[PDB]
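A.B. asks:
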Amino acid sequence: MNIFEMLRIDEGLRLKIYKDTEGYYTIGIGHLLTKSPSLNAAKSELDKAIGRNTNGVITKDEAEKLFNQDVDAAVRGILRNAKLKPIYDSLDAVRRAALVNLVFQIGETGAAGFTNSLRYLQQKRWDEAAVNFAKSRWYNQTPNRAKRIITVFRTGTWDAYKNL
Ligand SMILES: [Cl-]
Ligand SMILES: [Cl-]
Ligand SMILES: [K+]
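Read in order, the letters of the sequence shown are residues 1 to 164 in the deposited numbering.
#1: With a 10 Å radius around its C-beta and 16 neighbouring C-beta atoms as the bar for buried, classify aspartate 72 as buried or exposed.
#2: Would you mind sorting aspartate 127 into buried or exposed? The rule is 16 or more other CB atoms within 10 Å of its CB.
#3: Taking only heavy atoms of ligand 3 into account, decide whether any of them is closer than 7 angstroms to the Cβ of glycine 110.
#4: Where DSSP assigns a beta bridge to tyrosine 25, which residues make up the other side?
#5: With a threshold of 16 other CB atoms inside 10 Å of the CB of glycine 23, please say whether the residue is buried or exposed.
#6: Skipping 5 residues on each side, what residues in its chain have a beta carbon closer than 7 angstroms to that of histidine 31?
#7: Based on the DSSP output, what are the partners of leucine 7 in its beta bridges?
#8: Start and end of the alpha helix (DSSP H) containing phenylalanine 133?
#9: Sorted by chain position, which residues of the same chain lie with C-beta nearer than 7 angstroms to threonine 142's C-beta, five sequence neighbours on each side aside?
#10: Just the residues with CB closer than 5 angstroms to a heavy atom of ligand 3, in chain order, which are they?
#11: Whose CA, out of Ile149, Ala130, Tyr120 and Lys35, lies closest to the CA of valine 94?
#12: Per DSSP, which residues does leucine 32 bridge with? Please list them.
#13: Looking only at its own chain, which residues have a Cβ that is under 7 angstroms from the Cβ of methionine 6, when we skip the five neighbours before and after it?
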């Protein structure tokens with residue numbers, strides 16, 4: 001198990017433009033195209049992203065290319081965010097992956113907004129962090145996924161992704 005396999009489990013893989021849990025145009029492995037309700041606008045972002053005139057459908061290889069970029073970007077951003085870097089540095093590799101996952105899903109801003117939960121993580125108060133994380137729109141809108149992430153933050157093990 002690793003960040004790529006983990007996010008591949010959580011985001012799935014679709015080669016045609018689809019809408020994410022929030023209703024936004026996405027493709028590949030959770031690659032958000034735009035928040036716009038315009039399909040054309042999403043298609044234009046996709047073409048820009050891939051570098052070719054696509055027609056809304058991409059190859060697996062292309063999808064993975066975007067995904068690698070996305071993961072890398074998620075990590076890069078964590079490292080440039082003063083609210084998150086210290087948390088990230090304080091964690092072991094498995095818990096860091098959970099944090100990357102969260103940021104990939106909700107964005108840096110959204111993630112850095114979990115100030116109190118992050119602080120408990122920093123203090124290594126596992127169970128308390130877990131309880132706290134659940135008190136959020138994030139958890140309520142995507143409870144299955146949030147549960148998984150939370151268990152990883154709580155235990156520092158990949159058990160929750162074992163079997164998916
Ligand atoms: Cl991009
Ligand atoms: Cl979910
Ligand atoms: K998805």
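No residue lacks a Cβ here, since even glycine has one placed at the ideal position from N, Cα and C.
C.D. replies: Quick look at the numbers:
#1: Taking the first residue of the sequence shown as position 1, residue 72 is located at position 72. Counting Cβ neighbours within 10 Å, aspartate 72 comes out exposed, since fewer than 16 surround it.
#2: Residue numbering aside, residue 127 sits at position 127 when the sequence shown is read from its first letter. With fewer than 16 Cβ atoms within 10 Å of its Cβ, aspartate 127 is classed as exposed.
#3: Translated into positions along the sequence shown, residue 110 becomes position 110. Look at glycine 110: its beta carbon is at least 7 angstroms from all of the heavy atoms in ligand 3.
#4: Numbered from 1 along the sequence shown, position 25 holds the residue referred to as residue 25. In the DSSP assignment, the residues bridged to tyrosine 25 are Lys19.
#5: In the sequence shown, the residue the question calls residue 23 occupies position 23. Residue environment analysis places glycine 23 among the exposed positions, since fewer than 16 neighbouring C-beta atoms fall within 10 angstroms of its C-beta.
#6: Along the sequence shown, read from residue 1 onward, the residue named residue 31 stands at position 31. Cβ contact annotation for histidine 31 (same chain, cutoff 7 angstroms, sequence separation greater than five): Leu66, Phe67 and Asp70, in chain order.
#7: If you number the sequence shown from 1, residue 7 lands on position 7. Residue pairing by DSSP places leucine 7 opposite no residue, since no beta bridge is assigned to it.
#8: Against the sequence shown, residue 133 aligns to sequence position 133. Here the alpha helix (DSSP H) through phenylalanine 133 covers 126-133.
#9: Stepping through the sequence shown from its first residue, residue 142 is reached at position 142. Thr21, listed in sequence order.
#10: Qualifying residues, in the order they occur: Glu11 and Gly30.
#11: Here residue 94 refers to the residue found at position 94 of the sequence shown. Taking only the C-alpha atoms, the option nearest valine 94 is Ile149.
#12: Taking the first residue of the sequence shown as 1, we reach residue 32 at position 32. Looking at the DSSP assignment, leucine 32 forms a beta bridge with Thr26.
#13: Residue 6 sits at position 6 when you count from the first residue of the sequence shown. Listed in chain order, the non-local C-beta contacts of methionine 6 below 7 angstroms within the same chain comprise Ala97, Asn101 and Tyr161, local neighbours out to five positions each way being set aside.
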